[PDB]
Ligand SMILES: *[C@@H]1O[C@H](CO)[C@@H](O[C@@H]2O[C@H](CO)[C@@H](O[C@@H]3O[C@H](CO)[C@@H](O)[C@H](O)[C@@H]3O)[C@H](O)[C@H]2NC(C)=O)[C@H](O)[C@H]1NC(C)=O
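Protein chains in written order, with the entry's author numbering: chain B, 1 to 52, 52A to 52E, 53 to 82, 82A, 83 to 99, 100A to 100G, 101 to 124, 131 to 210; chain I, 601 to 607; chain A, 1 to 30, 30A to 30F, 31 to 211.
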């Protein structure tokens, strides 16, 4: 199968630079044109540019928004695609995607996409969340407050992923350089406190992992 | 137009 | 530099009904040499990467259900969906690849469903947040529809309008309802200078507000 995986996306102080990578496998890289697309949170996709293959002189083309500030390059021996980002602005905060720009038969569409790598451009400092348990009728609703962390994102689960139904994890809200979100889970009153209900919060940015058991 | 490029 | 415009911004539709969305380009996306209109349609479901559905304006990608039909040429294109399914919940983007590439602003496809009253739950600040000097009162308004809803916080019978932060989830992948979180953030001292904490939800499903509350002690 064809796989594309972006890397390098992290938290970077405005003004600094960053280089994203896109490691590929499953197809002949050297034969393809490759593009980069991005997307600010809750915003629309934006084409950043592409890079032609060897046969076409490894030349590049960019979108108006980034032309002159970003540079696309590639390493055909490694099947890797790069995206150098200089003079970062807050407006650069976004999920960056690596895509195959299929040219065969003059198609010219994006048939394969990576999962994306997220870039946060802020001066705020990476801070760990302070997970708190929220507790109070055939069913009972329990919660979990994930407060004061930066930057996004955090992944929240219940019972290591065991509890998937009746779960609501709310979008984080930014309050003074710190994000706060909560997650509620609803389970049969017969399974609690009977069965244990645990809130799992992972914050890769600060290499944090917190488990919070919900107790009456 | 870029759509006319080959390969 | 080809400008793409999509309409409508967002549309709500019920399972089974057909839907159409347009894409307009400032220049003809038609290529005389290739004989194809370079307009593609991408579907991006919640938390996933965009996915190619149609290219060359009307050609359907492999594996894409037949109910997705693209049409048009020149500067006006259309994406039609017959018998929409819930799973079709997503944002649909058109994109031109005539010269360079440019994405439309996208059409957000929402799923219609019956109204539903919210299930309200209020929670007193956790003991550990208290020992640290903080006091957040949380209130959940879950699985309601439509999205519009109002929350009012009352401390000892008096409306509180400061330090309240609300957050709305997207449509639930299971029942297409919405849920909202309302968090009242106070200081341990402030939280203790009062005893009655009430959360009031007002939704079109009732003239009577849904009330939930507790007392410090
Ligand atoms: C751009 O995308 C197109 C299609 O999405 C790619 O072309 C298709 O490539 C596959 C495999 O590379 C071909 O499939 C093969 O077909 C035979 C019989 O049909 C089957 O027995 C093999 O096991 C395999 O399934 C497919 O025919 C071909 N379609 C055509 C005619 O274009 C193309 O490779 C992509 N271009 C780039 C730059 O990767």
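Positions of the beta carbon are idealized from the N, C-alpha and C atoms, including for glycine.
Residue i: CB within 7 Å of a non-hydrogen atom of ligand 1
{"i": "residue 100B of chain B", "result": "yes"}
{"i": "residue 98 of chain B", "result": "yes"}
{"i": "residue 32 of chain B", "result": "yes"}
{"i": "residue 100F of chain B", "result": "yes"}
{"i": "residue 27 of chain B", "result": "yes"}
Rounded Cβ spacing between residue i and residue j (contact assumed at less than 8 Å)
{"i": "residue 22 of chain B", "j": "residue 4 of chain B", "result": "6 Å"}
{"i": "residue 36 of chain B", "j": "residue 78 of chain B", "result": "5 Å"}
{"i": "residue 104 of chain A", "j": "residue 165 of chain A", "result": "7 Å"}
{"i": "residue 132 of chain B", "j": "residue 183 of chain B", "result": "6 Å"}
{"i": "residue 9 of chain A", "j": "residue 102 of chain A", "result": "7 Å"}
{"i": "residue 90 of chain B", "j": "residue 104 of chain B", "result": "6 Å"}
{"i": "residue 192 of chain A", "j": "residue 148 of chain A", "result": "4 Å"}
{"i": "residue 15 of chain A", "j": "residue 79 of chain A", "result": "6 Å"}
{"i": "residue 195 of chain B", "j": "residue 150 of chain B", "result": "5 Å"}
{"i": "residue 67 of chain B", "j": "residue 55 of chain B", "result": "5 Å"}
{"i": "residue 603 of chain I", "j": "residue 96 of chain A", "result": "That pair is no contact at about 13 Å."}
Chain B contact for residue i (CB, 8 Å cutoff)
{"i": "residue 123 of chain A", "result": "yes"}
{"i": "residue 132 of chain A", "result": "yes"}
{"i": "residue 161 of chain A", "result": "yes"}
{"i": "residue 96 of chain A", "result": "yes"}
{"i": "residue 99 of chain A", "result": "yes"}
Residue-level contact to chain I via CB, residue i, 8 Å cutoff
{"i": "residue 47 of chain B", "result": "no"}
{"i": "residue 92 of chain A", "result": "yes"}
{"i": "residue 52C of chain B", "result": "yes"}
{"i": "residue 36 of chain A", "result": "no"}
{"i": "residue 30C of chain A", "result": "yes"}
{"i": "residue 86 of chain A", "result": "no"}
{"i": "residue 243 of chain A", "result": "Residue 243 of chain A is absent from the structure shown; chain A starts at 1 and stops at 211."}
{"i": "residue 77 of chain B", "result": "no"}
Short CB-CB distance (under 8 Å) between residue i and chain A
{"i": "residue 121 of chain B", "result": "yes"}
{"i": "residue 116 of chain B", "result": "no"}
{"i": "residue 135 of chain B", "result": "yes"}
{"i": "residue 35 of chain B", "result": "yes"}
Any non-hydrogen atom of ligand 2 closer than 7 Å to residue i Cβ
{"i": "residue 131 of chain B", "result": "As far as ligands go, the structure on display features ligand 1 and does not contain ligand 2."}
To be precise: take each residue of the region 140-173 of chain B, compare its Cβ to all Cβ atoms of chain A, and keep it if any distance is under 8 Å. Which residues remain? 141, 159, 162, 163, 164, 165, 166, 167 and 169
Positions along the region 36-69 of chain A whose CB lies within less than 8 Å of some CB in chain B: 36, 38, 43, 44, 45, 46, 49, 50 and 55
Using a Cβ-Cβ cut-off of less than 9 Å, list which residues of the region 55-69 of chain B approach chain A; keep chain order. 56, 57, 58 and 59
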